[PDB]
Amino acid sequence: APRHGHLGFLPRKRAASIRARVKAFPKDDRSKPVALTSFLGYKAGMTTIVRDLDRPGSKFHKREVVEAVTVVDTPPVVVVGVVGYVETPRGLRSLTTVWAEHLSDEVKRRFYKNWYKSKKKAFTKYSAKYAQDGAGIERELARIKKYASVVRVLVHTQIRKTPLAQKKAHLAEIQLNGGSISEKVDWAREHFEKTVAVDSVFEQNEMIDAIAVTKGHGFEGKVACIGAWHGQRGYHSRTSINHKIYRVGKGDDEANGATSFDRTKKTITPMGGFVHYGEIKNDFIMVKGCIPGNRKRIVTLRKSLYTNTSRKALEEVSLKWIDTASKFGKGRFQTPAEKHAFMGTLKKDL
Amino acid sequence: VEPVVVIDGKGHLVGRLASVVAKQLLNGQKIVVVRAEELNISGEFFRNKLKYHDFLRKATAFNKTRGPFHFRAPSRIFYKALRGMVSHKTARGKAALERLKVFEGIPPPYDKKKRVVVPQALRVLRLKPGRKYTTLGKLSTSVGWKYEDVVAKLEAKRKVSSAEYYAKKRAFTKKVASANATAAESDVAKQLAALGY
RNA sequence: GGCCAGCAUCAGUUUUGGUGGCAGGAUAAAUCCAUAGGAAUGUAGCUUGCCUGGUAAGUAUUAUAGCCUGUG
RNA sequence: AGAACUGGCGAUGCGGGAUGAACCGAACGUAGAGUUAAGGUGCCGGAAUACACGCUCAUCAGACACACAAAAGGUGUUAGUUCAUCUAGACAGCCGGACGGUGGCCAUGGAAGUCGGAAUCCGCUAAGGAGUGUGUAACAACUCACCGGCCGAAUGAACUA
RNA sequence: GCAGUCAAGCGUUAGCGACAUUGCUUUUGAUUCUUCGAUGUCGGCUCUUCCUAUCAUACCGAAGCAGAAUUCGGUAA
RNA sequence: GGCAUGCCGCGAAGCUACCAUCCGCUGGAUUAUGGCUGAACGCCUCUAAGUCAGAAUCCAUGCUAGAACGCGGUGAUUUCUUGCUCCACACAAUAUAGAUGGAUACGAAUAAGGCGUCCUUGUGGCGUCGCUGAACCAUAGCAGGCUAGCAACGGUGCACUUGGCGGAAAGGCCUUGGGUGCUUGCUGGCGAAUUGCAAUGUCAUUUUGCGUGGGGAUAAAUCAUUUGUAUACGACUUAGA
């Protein structure tokens, strides 16, 4: 009979870092343009979407169905550097790293720990080398062109722009899908300090996989028949695959929550706000199902590492309405207008 | 006589080469091995695979984490065979093993350095013609060594560079030989010839 | 006025090389020379079909090579 | 199971046998020199990865208290014995003959040789089975048992290690 | 098993003996209504680990296997 | 308002659920099996040589952890503990799994190759070599002195300087320009003693510290408060010049 879990997931010691490191990246298709392999963000909360589907041969074909969906915060991102790797018998080794020298205070805080007590002796000294006519970054580009057949770009999250006010941002590597590494490095150099749009990397109905750290539960350490004669739960990296993206959330403008059917002008911000989270005011991605971890936990979005031709991925969504009632209790209305209509005027109104 | 000797694994028997390397190491002789992926083992491929699988089963019965690592790299496999020949659990064995180094392919700066072979260990010389033999590279690839393709490109590049260097050396030596022939018939040349040169 | 070594030759144990003269075999035997013969895995030559100038067995037991046998 | 008899341990050190209280050797004070028994001379392991005649492909050979699952069997290998084929053309490979009474006699819708079954003849020759098989309602259709046309020098059968 | 039978081979070379072989081995799918002194602690829960002399799934194979479905040899833990 | 976790209906939240929801991979090598070519044996043949398709089998793709004693890159590294670091030498102690000339670089085949040559550039012809590296350089001066010239103007140590190549651990190699020593390639003027018939007779550096003098830089994390996504206890992630 089965056992108390999967032996491949044991031992289950605590994760070495809150941020889930990417184990692998999708194969580099040279014929495709210079796109982005993955993205990083913080998940806000859960919501319910009611929609119909075009699924011929299914019992619920042409019938409206409600499925669990989640909203992940993903504000605009700016590239901070580029990293190249060379294949070796010991594996892929980092050749050299480059920086634009135009690093925001967020990455400086991330690098340091006691920023308030820190003297703020940032990269300025090294930047002074770059703050010239050049020929240094040109040398780095030449080195990464002659070698480093695989290039990974470095980006940092706009933690300051996140609804949950914070000063320290996360940093992680992201690969490219473009042609020969010449185009990759040229695009990376041109895109230094340039804003990155989430919608440019994903699209509706796209199948994606994500990695995150599950909720911790503290110490979790009876039958006296275990050994023959002849202690932690949660707070570990976990992966999930085959997640359908229903719609790209352009949360910097109204009408994102309402669909073409309901057109109930409002934002996806649940009444009162997300539990233990702020108020979304920037770009976000809508993905069905659920992702490990809790609110404010960093998550990574990847396109499954491979292309899928199954009809499930091909099928397109027909969102009719998105639920945004107050999750802080037994919510009954989507916007204050509905609550006022139901209850009418109140003492506070006069 | 040389302080350091580089042995090419290509076309060499694992057992004899390992035995001679271990014997030389115990006498205070630095030895380094290159192109270990090109090493060969007698017998047919299936027999070698079955023999290797037998060692894989061996491990710590109850604690399946501290058992001897079942290395997949050809260099590590070659080192493991030499380990059993030397007194590993001794100070002398540990000291001798330090002098020994094994790498897949020919990484620098050993690429520029001279390479030699062991006449009493050549597979082509000692193994009878027609006898089945197995290449260590194939076994490594079959046992999860996902690095054969990576080594191939570096080996090809090094071979091209060495071919260019050999062409330059041949061009120089042709002129050297022409000059030596021109210098012949001189009195010093006659004296050298009469004195064994 | 002693202790530790080197050098030359010494007596015992012992190890590894060089060299000369003798006795024994079939008074070693092969090899070498002479003598009369035999054969082919036929030597020169001759002979027949083919064809650039070789080829095959037919003859040829030593001839423009040699072998063996018996004896001295 | 039981008898007389021999050796060792008993009372025992030492070299080797991975190690074995019964194995091989071996006359036990303290040191030096040189030669050996047993085991060997690829490493642990001190000694030739020595010569020479052959075998061994083994999916875990082989280095195994030698004891029995052990008798054969392998279109696996190496070496040998006997009996015949033979230039009155050695075995094997391509082509034809394979007849005539006859479709034998009894069984009977059909057994023309190949669903039943007794002998299997005589005529005839280089040779022909009242049939070896493949397949037919009934022959019919094709092969060899046996022979010849070409080849072209050793071949087939039973045993032993 | 016993007692033979044929006799590949070994034989004091009269005897042995491999494989087959005959007799125990309610002929009308009837009913035996049969289930005969185990002197011993083991028996059953959960989970793990190992074998294949493997039930399903998987692999292919031989069948009066036309399909459905069925009989069986083998690979595979 | 306390009291009898007194209770009642609701009740977030702590726990937690087939008693709720989202997902649960794809390329090769094989077993048995079906074949190819083709012997073995003048036939034949899936096997002896190779090879095709081929199992939930095997390897990786993917997933969890990560050598707590593996690795690469990146930023900084103390202004009055003036403390610290690089480089030229300056004395010491340290110890060398053990210097006592030189790791001298094609690859492929081993029933075949390297070199020069001819063209027709060929899987070509000719000559040349292996049958060991017992090979090539270099090796003369106090562990290598003080000097005179001869002809070459070559060989080479040394700091600058020009460009190129090298990322598998590159940290290495070649080279443009002269400058400064050696030159035993050749011939001469001198010291060798006494270190007593031998007592390795050292002149190789590994690291560390203080000194001179030309430059170089002006940080950290923890303690503590706080926070809670972490949370038995520890650890850990946030915020305050």
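Just so it is clear, chain A uses Swiss-Prot numbers, and the residues here are 8-228, 248-256, 268-387, in order.
Placement of Cβ uses the backbone N, Cα and C atoms for every residue, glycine included.
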(request) Out of A:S101, A:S277, A:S297, report back the residue that Swiss-Prot marks as phosphoserine. (result) A:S297
(request) Based on what Swiss-Prot says, identify which of A:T54, A:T103, A:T382 is the phosphothreonine one. (result) A:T103
(request) Could you measure between A:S156 (phosphoserine) and A:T103 (phosphothreonine) for me? Cα positions, answer in whole angstrom. (result) 12
(message) Please report the distance from the Cα of A:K39 (ubiquitin cross-link) to the Cα of A:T103 (phosphothreonine), rounded to the nearest angstrom.
(response) 25
(request) Out of A:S24, A:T103, A:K136, point to the one nearest A:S297 (phosphoserine) in space (Cα versus Cα); all of them are recorded positions in the record. (result) A:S24
(message) Tell me the Cα distance separating A:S24 (phosphoserine) from A:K136 (ubiquitin cross-link), rounded to the nearest angstrom.
(response) 33
(message) Between A:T103 (phosphothreonine) and A:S24 (phosphoserine), how many Å separate their Cα atoms?
(response) 24
(message) Can you tell me whether DSSP puts A:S24 (phosphoserine) in helix, strand or coil?
(response) coil
